[PDB]
$ cat structure_38.cif   # mmCIF, C-alpha atoms and all ligand atoms
data_my_file
#
loop_
_atom_site.label_atom_id
_atom_site.label_comp_id
_atom_site.auth_asym_id
_atom_site.auth_seq_id
_atom_site.Cartn_x
_atom_site.Cartn_y
_atom_site.Cartn_z
CA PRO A 1 0.00 0.00 0.00
CA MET A 2 0.90 3.67 -0.33
CA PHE A 3 0.01 6.60 1.93
CA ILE A 4 0.74 10.19 0.94
CA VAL A 5 0.12 13.31 2.98
CA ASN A 6 0.42 16.86 1.66
CA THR A 7 0.24 19.56 4.31
CA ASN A 8 1.00 23.21 4.95
CA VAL A 9 2.56 22.34 8.31
CA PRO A 10 6.30 23.16 8.22
CA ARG A 11 8.95 20.45 7.90
CA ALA A 12 10.30 21.27 11.37
CA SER A 13 6.91 20.25 12.74
CA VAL A 14 6.90 16.77 11.20
CA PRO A 15 8.54 14.48 13.74
CA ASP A 16 11.37 12.24 12.63
CA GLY A 17 9.86 8.80 12.98
CA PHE A 18 6.43 9.96 11.79
CA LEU A 19 7.06 7.95 8.60
CA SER A 20 7.94 4.84 10.59
CA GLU A 21 4.94 5.30 12.88
CA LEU A 22 2.63 5.55 9.87
CA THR A 23 4.31 2.54 8.29
CA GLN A 24 3.81 0.38 11.39
CA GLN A 25 0.27 1.62 12.07
CA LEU A 26 -0.83 1.10 8.46
CA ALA A 27 0.75 -2.36 8.36
CA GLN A 28 -1.50 -3.35 11.26
CA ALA A 29 -4.55 -1.59 9.83
CA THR A 30 -4.17 -3.21 6.40
CA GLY A 31 -2.90 -6.52 7.72
CA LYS A 32 0.15 -6.44 5.45
CA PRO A 33 3.89 -6.75 6.19
CA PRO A 34 5.37 -3.29 6.77
CA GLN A 35 7.83 -4.03 3.95
CA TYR A 36 5.04 -3.44 1.42
CA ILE A 37 3.98 -0.10 2.91
CA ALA A 38 5.33 3.11 1.40
CA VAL A 39 4.77 6.48 3.07
CA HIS A 40 5.33 9.99 1.74
CA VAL A 41 4.96 13.26 3.68
CA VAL A 42 5.05 16.62 1.91
CA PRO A 43 5.23 19.65 4.28
CA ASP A 44 5.37 23.41 3.75
CA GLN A 45 2.69 23.25 1.08
CA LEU A 46 0.75 26.26 -0.19
CA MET A 47 -2.79 25.10 0.44
CA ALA A 48 -6.19 26.17 1.73
CA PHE A 49 -9.14 24.27 3.16
CA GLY A 50 -12.49 26.03 3.29
CA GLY A 51 -10.70 29.16 2.16
CA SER A 52 -8.55 29.10 5.30
CA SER A 53 -4.79 28.64 5.62
CA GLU A 54 -4.84 27.02 9.06
CA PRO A 55 -3.08 23.63 9.29
CA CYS A 56 -4.69 21.10 6.95
CA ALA A 57 -3.91 17.93 5.00
CA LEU A 58 -4.78 16.39 1.64
CA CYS A 59 -3.96 12.69 1.69
CA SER A 60 -4.39 9.51 -0.29
CA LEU A 61 -4.22 5.81 0.50
CA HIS A 62 -3.69 3.39 -2.41
CA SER A 63 -3.79 -0.37 -1.89
CA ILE A 64 -4.48 -3.55 -3.85
CA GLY A 65 -7.58 -4.55 -1.93
CA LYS A 66 -8.21 -3.82 1.75
CA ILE A 67 -10.25 -0.79 0.65
CA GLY A 68 -13.98 -0.45 1.17
CA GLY A 69 -16.81 1.40 2.87
CA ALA A 70 -16.19 -0.07 6.31
CA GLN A 71 -12.40 -0.28 6.13
CA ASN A 72 -12.20 3.31 4.88
CA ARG A 73 -14.23 4.72 7.78
CA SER A 74 -11.75 2.85 9.97
CA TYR A 75 -8.63 4.21 8.25
CA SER A 76 -9.96 7.75 8.55
CA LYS A 77 -10.04 7.42 12.34
CA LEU A 78 -6.53 5.96 12.44
CA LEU A 79 -5.03 8.60 10.15
CA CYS A 80 -6.87 11.61 11.57
CA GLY A 81 -5.67 10.55 15.00
CA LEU A 82 -2.08 10.40 13.83
CA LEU A 83 -2.27 13.71 11.94
CA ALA A 84 -4.00 15.34 14.91
CA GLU A 85 -1.40 14.30 17.49
CA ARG A 86 1.83 14.39 15.50
CA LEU A 87 1.10 17.30 13.14
CA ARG A 88 -1.43 19.35 15.15
CA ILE A 89 -3.96 19.15 12.33
CA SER A 90 -7.67 19.41 13.13
CA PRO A 91 -9.58 16.27 11.91
CA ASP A 92 -12.14 18.39 10.06
CA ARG A 93 -9.37 19.88 7.91
CA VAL A 94 -8.21 16.51 6.61
CA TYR A 95 -9.19 14.81 3.35
CA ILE A 96 -8.14 11.25 2.58
CA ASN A 97 -8.95 9.80 -0.85
CA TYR A 98 -8.99 6.00 -0.99
CA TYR A 99 -8.01 4.02 -4.06
CA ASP A 100 -8.53 0.28 -4.55
CA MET A 101 -5.93 -0.58 -7.22
CA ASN A 102 -5.98 -3.55 -9.61
CA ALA A 103 -2.78 -5.59 -9.36
CA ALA A 104 -2.34 -5.10 -13.11
CA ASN A 105 -2.09 -1.35 -12.56
CA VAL A 106 0.56 -1.40 -9.84
CA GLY A 107 4.13 -1.57 -11.07
CA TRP A 108 6.93 -2.83 -8.85
CA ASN A 109 10.36 -4.40 -9.32
CA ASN A 110 10.38 -4.25 -13.15
CA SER A 111 6.89 -5.74 -13.41
CA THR A 112 3.39 -5.50 -11.94
CA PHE A 113 1.61 -7.53 -9.28
CA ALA A 114 -0.76 -9.12 -11.80
CA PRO B 1 -13.98 19.09 -4.03
CA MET B 2 -10.21 19.42 -4.25
CA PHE B 3 -8.10 21.26 -6.85
CA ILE B 4 -4.35 20.79 -7.11
CA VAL B 5 -1.95 22.52 -9.49
CA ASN B 6 1.70 21.55 -10.00
CA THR B 7 3.75 24.00 -12.08
CA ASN B 8 7.32 25.00 -12.91
CA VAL B 9 6.36 28.66 -12.49
CA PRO B 10 8.23 30.32 -9.59
CA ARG B 11 6.54 30.83 -6.22
CA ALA B 12 6.96 34.60 -6.59
CA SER B 13 4.75 34.50 -9.69
CA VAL B 14 1.82 33.26 -7.61
CA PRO B 15 -0.28 36.36 -6.80
CA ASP B 16 -1.71 36.95 -3.33
CA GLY B 17 -5.24 35.68 -2.82
CA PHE B 18 -4.78 33.14 -5.61
CA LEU B 19 -5.85 30.31 -3.31
CA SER B 20 -8.91 32.34 -2.29
CA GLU B 21 -9.74 33.09 -5.91
CA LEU B 22 -9.55 29.40 -6.80
CA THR B 23 -11.71 28.53 -3.81
CA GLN B 24 -14.31 31.15 -4.72
CA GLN B 25 -14.33 30.34 -8.44
CA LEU B 26 -14.66 26.60 -7.83
CA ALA B 27 -17.45 27.15 -5.32
CA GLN B 28 -19.40 28.88 -8.09
CA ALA B 29 -18.50 26.42 -10.86
CA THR B 30 -19.15 23.26 -8.84
CA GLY B 31 -22.04 24.66 -6.84
CA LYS B 32 -20.59 23.14 -3.67
CA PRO B 33 -20.06 25.02 -0.37
CA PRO B 34 -16.66 26.78 -0.21
CA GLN B 35 -16.32 25.48 3.35
CA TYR B 36 -15.39 22.08 1.93
CA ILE B 37 -13.31 23.19 -1.05
CA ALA B 38 -9.58 22.51 -0.79
CA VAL B 39 -6.97 24.11 -3.05
CA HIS B 40 -3.28 23.27 -3.35
CA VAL B 41 -0.64 25.06 -5.44
CA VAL B 42 2.85 23.64 -5.99
CA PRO B 43 5.29 26.00 -7.76
CA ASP B 44 8.95 25.72 -8.79
CA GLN B 45 8.49 22.15 -10.01
CA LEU B 46 10.92 20.29 -12.26
CA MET B 47 8.72 19.40 -15.21
CA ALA B 48 8.42 19.39 -18.97
CA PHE B 49 5.48 19.39 -21.35
CA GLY B 50 6.21 18.11 -24.84
CA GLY B 51 9.86 18.02 -23.83
CA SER B 52 9.78 21.80 -23.33
CA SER B 53 10.50 23.48 -19.99
CA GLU B 54 8.43 26.59 -20.67
CA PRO B 55 5.62 27.45 -18.20
CA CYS B 56 3.20 24.54 -17.86
CA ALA B 57 0.93 22.92 -15.30
CA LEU B 58 -0.37 19.49 -14.32
CA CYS B 59 -3.60 19.75 -12.32
CA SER B 60 -6.36 17.60 -10.87
CA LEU B 61 -9.92 18.20 -9.69
CA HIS B 62 -11.50 15.60 -7.41
CA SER B 63 -15.19 15.87 -6.59
CA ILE B 64 -18.04 13.67 -5.40
CA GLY B 65 -20.28 14.15 -8.41
CA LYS B 66 -20.39 17.33 -10.51
CA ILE B 67 -17.99 15.69 -12.97
CA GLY B 68 -18.95 14.97 -16.56
CA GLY B 69 -18.40 15.65 -20.23
CA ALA B 70 -19.96 19.11 -20.45
CA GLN B 71 -19.05 20.19 -16.92
CA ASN B 72 -15.40 19.23 -17.43
CA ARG B 73 -15.14 21.32 -20.59
CA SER B 74 -16.51 24.24 -18.60
CA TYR B 75 -14.10 23.65 -15.69
CA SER B 76 -11.17 23.43 -18.11
CA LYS B 77 -12.06 26.77 -19.69
CA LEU B 78 -12.39 28.34 -16.24
CA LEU B 79 -9.22 26.86 -14.77
CA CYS B 80 -7.06 27.30 -17.86
CA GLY B 81 -8.29 30.88 -17.95
CA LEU B 82 -7.21 31.40 -14.35
CA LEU B 83 -3.80 29.80 -14.92
CA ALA B 84 -3.16 31.91 -18.02
CA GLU B 85 -4.29 35.15 -16.42
CA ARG B 86 -2.72 34.66 -12.98
CA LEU B 87 0.27 32.39 -13.61
CA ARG B 88 0.93 33.27 -17.26
CA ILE B 89 0.65 29.63 -18.31
CA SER B 90 -0.53 28.97 -21.85
CA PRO B 91 -3.71 26.84 -21.91
CA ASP B 92 -2.10 24.46 -24.42
CA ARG B 93 0.56 23.57 -21.84
CA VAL B 94 -1.94 22.58 -19.17
CA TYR B 95 -3.41 19.19 -18.31
CA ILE B 96 -6.25 18.83 -15.83
CA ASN B 97 -7.32 15.34 -14.79
CA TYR B 98 -10.86 15.04 -13.43
CA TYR B 99 -11.97 12.48 -10.85
CA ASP B 100 -15.55 11.66 -9.82
CA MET B 101 -15.08 10.14 -6.35
CA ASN B 102 -17.44 7.70 -4.64
CA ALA B 103 -18.46 9.14 -1.27
CA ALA B 104 -17.25 5.92 0.38
CA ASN B 105 -13.74 6.65 -0.90
CA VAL B 106 -13.46 10.18 0.46
CA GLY B 107 -12.31 10.27 4.06
CA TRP B 108 -12.89 13.32 6.24
CA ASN B 109 -12.99 13.95 9.98
CA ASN B 110 -12.76 10.35 11.19
CA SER B 111 -15.13 8.83 8.64
CA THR B 112 -16.13 9.02 4.97
CA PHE B 113 -18.85 10.92 3.16
CA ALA B 114 -20.90 7.80 2.43
CA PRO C 1 0.29 10.97 -21.30
CA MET C 2 1.77 12.13 -17.99
CA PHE C 3 4.51 10.54 -15.87
CA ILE C 4 5.24 11.66 -12.32
CA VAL C 5 8.10 10.47 -10.12
CA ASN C 6 8.49 11.38 -6.45
CA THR C 7 11.72 10.28 -4.79
CA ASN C 8 13.95 10.92 -1.78
CA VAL C 9 16.99 11.07 -4.07
CA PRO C 10 18.58 14.54 -3.95
CA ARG C 11 18.03 16.98 -6.82
CA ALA C 12 21.76 16.99 -7.53
CA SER C 13 21.59 13.25 -8.23
CA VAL C 14 19.17 13.62 -11.14
CA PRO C 15 21.30 13.66 -14.31
CA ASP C 16 21.05 16.52 -16.77
CA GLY C 17 18.59 15.61 -19.51
CA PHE C 18 16.61 13.18 -17.36
CA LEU C 19 13.30 14.85 -18.25
CA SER C 20 14.22 14.71 -21.93
CA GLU C 21 15.04 10.99 -21.79
CA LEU C 22 11.77 10.25 -20.02
CA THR C 23 9.84 12.27 -22.61
CA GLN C 24 11.60 10.44 -25.43
CA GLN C 25 11.36 6.96 -23.91
CA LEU C 26 7.70 7.36 -22.92
CA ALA C 27 6.72 8.64 -26.35
CA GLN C 28 8.30 5.51 -27.84
CA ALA C 29 6.74 3.26 -25.19
CA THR C 30 3.18 4.61 -25.40
CA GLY C 31 3.29 5.28 -29.13
CA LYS C 32 2.13 8.84 -28.53
CA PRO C 33 3.89 11.93 -29.95
CA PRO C 34 6.38 13.43 -27.46
CA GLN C 35 4.53 16.73 -27.86
CA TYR C 36 1.71 15.16 -25.83
CA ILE C 37 3.96 13.80 -23.10
CA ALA C 38 4.37 15.60 -19.79
CA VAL C 39 6.98 14.62 -17.20
CA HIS C 40 7.36 15.70 -13.60
CA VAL C 41 10.25 14.80 -11.29
CA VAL C 42 10.11 15.63 -7.57
CA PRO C 43 13.37 14.91 -5.69
CA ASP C 44 14.42 15.43 -2.07
CA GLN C 45 11.15 14.01 -0.78
CA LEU C 46 10.48 12.83 2.75
CA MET C 47 9.49 9.23 2.10
CA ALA C 48 10.04 5.64 3.13
CA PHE C 49 9.55 2.24 1.54
CA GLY C 50 9.14 -0.74 3.83
CA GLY C 51 10.12 1.43 6.79
CA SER C 52 13.48 2.12 5.15
CA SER C 53 14.66 5.58 4.16
CA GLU C 54 16.99 4.22 1.46
CA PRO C 55 16.51 5.43 -2.13
CA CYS C 56 12.96 4.82 -3.31
CA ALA C 57 10.32 6.26 -5.62
CA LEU C 58 6.53 6.53 -5.95
CA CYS C 59 5.38 7.14 -9.52
CA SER C 60 2.29 7.31 -11.70
CA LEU C 61 1.61 7.11 -15.42
CA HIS C 62 -1.68 8.54 -16.68
CA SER C 63 -2.74 7.97 -20.28
CA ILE C 64 -5.86 7.93 -22.42
CA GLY C 65 -5.62 4.31 -23.50
CA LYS C 66 -2.35 2.39 -24.01
CA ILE C 67 -2.71 0.90 -20.53
CA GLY C 68 -3.25 -2.75 -19.74
CA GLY C 69 -1.87 -6.00 -18.39
CA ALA C 70 1.05 -6.61 -20.73
CA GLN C 71 1.65 -2.96 -21.51
CA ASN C 72 2.02 -2.06 -17.84
CA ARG C 73 4.60 -4.79 -17.28
CA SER C 74 6.56 -3.37 -20.19
CA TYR C 75 6.31 0.18 -18.82
CA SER C 76 7.45 -1.04 -15.41
CA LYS C 77 10.57 -2.75 -16.73
CA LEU C 78 11.36 0.36 -18.77
CA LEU C 79 10.73 2.82 -15.95
CA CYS C 80 12.33 0.82 -13.12
CA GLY C 81 15.34 0.31 -15.36
CA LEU C 82 15.68 4.06 -15.87
CA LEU C 83 15.26 4.88 -12.18
CA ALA C 84 17.86 2.24 -11.36
CA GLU C 85 20.39 3.34 -13.97
CA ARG C 86 19.92 7.10 -13.74
CA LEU C 87 18.83 7.60 -10.13
CA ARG C 88 20.44 4.55 -8.50
CA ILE C 89 17.09 3.40 -7.08
CA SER C 90 16.52 -0.31 -6.58
CA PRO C 91 13.57 -1.59 -8.66
CA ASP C 92 12.12 -3.31 -5.60
CA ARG C 93 11.86 0.10 -3.91
CA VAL C 94 9.69 1.59 -6.66
CA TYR C 95 5.91 1.71 -7.03
CA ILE C 96 4.27 2.86 -10.27
CA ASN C 97 0.51 3.36 -10.36
CA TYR C 98 -1.12 3.18 -13.79
CA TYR C 99 -4.26 5.08 -14.79
CA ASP C 100 -6.27 4.66 -18.00
CA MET C 101 -8.04 8.01 -18.31
CA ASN C 102 -11.33 8.60 -20.12
CA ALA C 103 -10.81 11.36 -22.69
CA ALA C 104 -13.72 13.30 -21.18
CA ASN C 105 -11.83 13.45 -17.89
CA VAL C 106 -8.70 15.06 -19.31
CA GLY C 107 -8.70 18.82 -19.69
CA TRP C 108 -6.32 20.70 -21.97
CA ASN C 109 -6.22 23.95 -23.92
CA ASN C 110 -9.46 25.38 -22.47
CA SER C 111 -11.46 22.19 -23.16
CA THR C 112 -11.36 18.38 -22.95
CA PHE C 113 -10.38 15.59 -25.33
CA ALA C 114 -13.95 14.23 -25.24
CL CL D 201 -1.05 -2.86 -1.85
CL CL D 202 11.40 14.69 15.95
CL CL D 203 -15.03 -2.74 3.64
CL CL D 204 -6.83 0.30 -10.82
CL CL D 205 6.30 -8.60 -9.48
CL CL D 206 -16.77 16.89 -3.12
CL CL D 207 -13.93 6.44 -6.22
CL CL D 208 -2.85 10.66 -23.22
CL CL D 209 16.70 17.31 -16.45
CL CL D 210 -2.15 -4.70 -22.50
CL CL D 211 3.13 -4.83 -24.56
CL CL D 212 -11.23 8.50 -16.12
#
$ encode --input "structure_38.cif" --output "structure tokens"
Amino acid sequence: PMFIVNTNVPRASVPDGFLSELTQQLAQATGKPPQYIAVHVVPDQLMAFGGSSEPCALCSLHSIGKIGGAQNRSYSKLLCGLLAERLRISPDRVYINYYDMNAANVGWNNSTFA
Amino acid sequence: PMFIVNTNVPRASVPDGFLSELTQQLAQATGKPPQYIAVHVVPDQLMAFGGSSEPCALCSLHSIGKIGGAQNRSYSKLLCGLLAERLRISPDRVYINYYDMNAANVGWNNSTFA
Amino acid sequence: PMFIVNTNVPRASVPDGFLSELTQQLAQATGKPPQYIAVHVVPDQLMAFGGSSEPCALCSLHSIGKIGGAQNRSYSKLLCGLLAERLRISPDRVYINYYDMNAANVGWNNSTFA
């Protein structure tokens, strides 16, 4: 799976280890070995949410399976909790788009998972 | 909805209130409340369009509904117009990918919109 | 088509002409004129793959058609090979998401390809 977070919070505010925490937490949440989890954090972004420049985050979670109505409502709680505590971002200023990818459309190690 | 623009244009070229203008313009075009409209601008990017490094932009508009053939043509005219006027990017060097998201795949404030 | 690569490799490690090679190689690979190919490289990113901060990359290839089972495997071998040879990134530390876009969902030059 892949989790990406874009935020206007400054780099100095992203704790070292936030990537590893996300990796471990998502591995448990998606029931997959942490080795398959990739995380990407992009701070100091020029963004607005509701026309306001207060801390916010635009994120995405891509995974081959393990995505759905119920699982997604669950991930939102996990991720908003992490963004709230580690990045000081209010939960109502967080968007997380979920993508259930076909193995044929995920390239890795010179091939695809199909 | 969420609008993101990645461009090689320098940060300094981004006029003040640009994020607010995008928010306001998209509120009108999509008919959705500005309170839930997110905008993200990423300048100084290393990119090429047609192999050329002249001003260009790669954008995306995600929305739950309000996406379609006719509406997308209208959004493109609006957004390309804004990029040309405000960022001095020629419309023929702009790509905008549109995404109609299922409510169940849009996470926000510890849940999804489904 | 559009190819995006996000990586933790430093900007100074990207060889001169990398965007040109991608443009040229992707045009050949997808069969589309290089004029229609856009490339975006984002180095110095804060990311991890498998909980490791070693060189890695998260990429995406969007195209109207020219995407499928066999084609994606071919694109992956091509792209992972380039990232390995030019950026020194191990192929098993690269993810490439493929997207077959509907023409109506791709804006350009004040309109859409629909
Ligand atoms: Cl996955
Ligand atoms: Cl820290
Ligand atoms: Cl589910
Ligand atoms: Cl897919
Ligand atoms: Cl494989
Ligand atoms: Cl929406
Ligand atoms: Cl969706
Ligand atoms: Cl295309
Ligand atoms: Cl280059
Ligand atoms: Cl194919
Ligand atoms: Cl093929
Ligand atoms: Cl599409």
$ interface_residues --input "structure_38.cif" --of "chain B" --to "chain C" --cutoff "10 Å" --atoms "all atoms listed in the file" --output "NGL selection string"
:B and (6-8 or 45-53 or 56-61 or 67-81 or 90-100)
$ atom_distance --input "structure_38.cif" --atom1 "atom CA of residue B:55" --atom2 "atom CA of residue B:12"
13.7 Å
$ atom_distance --input "structure_38.cif" --atom1 "atom CA of residue B:63" --atom2 "atom CA of residue C:63"
20.1 Å
$ atom_distance --input "structure_38.cif" --atom1 "atom CA of residue B:5" --atom2 "atom CA of residue B:66"
19.2 Å
$ closest_residue --input "structure_38.cif" --among "C:65, C:88, C:18, C:32" --to "ligand CL 210 (chain D)" --atoms "all atoms listed in the file"
C:65
$ axis_aligned_box --input "structure_38.cif" --around "stretch 21-38 of chain A" --padding-each-side "4 Å" --output "AutoDock Vina command-line options"
--center_x 1.6 --center_y -0.6 --center_z 7.1 --size_x 20.4 --size_y 20.3 --size_z 19.5
$ closest_residue --input "structure_38.cif" --among "C:9, C:30, C:44, C:82" --to "ligand CL 210 (chain D)" --atoms "all atoms listed in the file"
C:30
$ residues_near_ligand --input "structure_38.cif" --ligand "ligand CL 202 (chain D)" --cutoff "9 Å" --atoms "all atoms listed in the file" --output "tab-separated table (two decimals) with C-alpha atoms, in the frame of the given file"
chain	number	residue	atom	x	y	z
A	12	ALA	CA	10.30	21.27	11.37
A	13	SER	CA	6.91	20.25	12.74
A	14	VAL	CA	6.90	16.77	11.20
A	15	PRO	CA	8.54	14.48	13.74
A	16	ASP	CA	11.37	12.24	12.63
A	17	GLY	CA	9.86	8.80	12.98
A	18	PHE	CA	6.43	9.96	11.79
$ decode --input "structure_38.cif" --residues "stretch 3-18 of chain A" --atoms "N, CA, C and O atoms" --output "mmCIF file, in the first residue's frame"
data_model
loop_
_atom_site.group_PDB
_atom_site.id
_atom_site.type_symbol
_atom_site.label_atom_id
_atom_site.label_comp_id
_atom_site.auth_asym_id
_atom_site.auth_seq_id
_atom_site.Cartn_x
_atom_site.Cartn_y
_atom_site.Cartn_z
ATOM 1 N N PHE A 3 0.685 5.507 1.242
ATOM 2 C CA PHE A 3 0.012 6.604 1.926
ATOM 3 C C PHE A 3 0.798 7.885 1.716
ATOM 4 O O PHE A 3 1.988 7.950 2.010
ATOM 5 N N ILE A 4 0.114 8.908 1.222
ATOM 6 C CA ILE A 4 0.740 10.186 0.938
ATOM 7 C C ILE A 4 -0.006 11.288 1.661
ATOM 8 O O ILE A 4 -1.234 11.313 1.662
ATOM 9 N N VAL A 5 0.737 12.195 2.280
ATOM 10 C CA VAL A 5 0.124 13.312 2.976
ATOM 11 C C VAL A 5 0.785 14.612 2.541
ATOM 12 O O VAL A 5 2.010 14.754 2.594
ATOM 13 N N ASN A 6 -0.041 15.544 2.079
ATOM 14 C CA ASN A 6 0.422 16.858 1.662
ATOM 15 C C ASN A 6 -0.145 17.798 2.709
ATOM 16 O O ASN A 6 -1.331 17.728 3.030
ATOM 17 N N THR A 7 0.699 18.665 3.255
ATOM 18 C CA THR A 7 0.242 19.561 4.306
ATOM 19 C C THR A 7 0.996 20.874 4.313
ATOM 20 O O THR A 7 2.126 20.954 3.832
ATOM 21 N N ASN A 8 0.364 21.905 4.867
ATOM 22 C CA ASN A 8 0.998 23.212 4.946
ATOM 23 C C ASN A 8 1.791 23.365 6.245
ATOM 24 O O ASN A 8 2.388 24.406 6.501
ATOM 25 N N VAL A 9 1.795 22.317 7.063
ATOM 26 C CA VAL A 9 2.557 22.335 8.307
ATOM 27 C C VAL A 9 4.034 22.339 7.899
ATOM 28 O O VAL A 9 4.425 21.646 6.963
ATOM 29 N N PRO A 10 4.875 23.126 8.587
ATOM 30 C CA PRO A 10 6.297 23.162 8.222
ATOM 31 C C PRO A 10 7.071 21.878 8.521
ATOM 32 O O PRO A 10 6.731 21.126 9.436
ATOM 33 N N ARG A 11 8.120 21.639 7.742
ATOM 34 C CA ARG A 11 8.948 20.450 7.899
ATOM 35 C C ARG A 11 9.428 20.254 9.337
ATOM 36 O O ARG A 11 9.463 19.134 9.838
ATOM 37 N N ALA A 12 9.800 21.347 9.995
ATOM 38 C CA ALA A 12 10.297 21.273 11.365
ATOM 39 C C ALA A 12 9.252 20.711 12.322
ATOM 40 O O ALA A 12 9.585 20.236 13.411
ATOM 41 N N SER A 13 7.990 20.763 11.913
ATOM 42 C CA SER A 13 6.907 20.253 12.737
ATOM 43 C C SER A 13 6.577 18.785 12.497
ATOM 44 O O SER A 13 5.791 18.206 13.237
ATOM 45 N N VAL A 14 7.156 18.183 11.462
ATOM 46 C CA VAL A 14 6.903 16.767 11.204
ATOM 47 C C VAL A 14 7.954 16.002 11.995
ATOM 48 O O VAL A 14 9.152 16.129 11.748
ATOM 49 N N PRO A 15 7.524 15.209 12.980
ATOM 50 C CA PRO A 15 8.540 14.482 13.745
ATOM 51 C C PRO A 15 9.320 13.430 12.965
ATOM 52 O O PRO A 15 8.796 12.791 12.049
ATOM 53 N N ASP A 16 10.593 13.265 13.306
ATOM 54 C CA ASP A 16 11.370 12.238 12.632
ATOM 55 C C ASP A 16 10.619 11.020 13.152
ATOM 56 O O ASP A 16 10.019 11.084 14.210
ATOM 57 N N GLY A 17 10.600 9.920 12.430
ATOM 58 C CA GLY A 17 9.860 8.800 12.981
ATOM 59 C C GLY A 17 8.377 8.808 12.653
ATOM 60 O O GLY A 17 7.710 7.804 12.861
ATOM 61 N N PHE A 18 7.844 9.924 12.155
ATOM 62 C CA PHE A 18 6.428 9.960 11.790
ATOM 63 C C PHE A 18 6.205 8.969 10.645
ATOM 64 O O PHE A 18 5.176 8.306 10.590
#
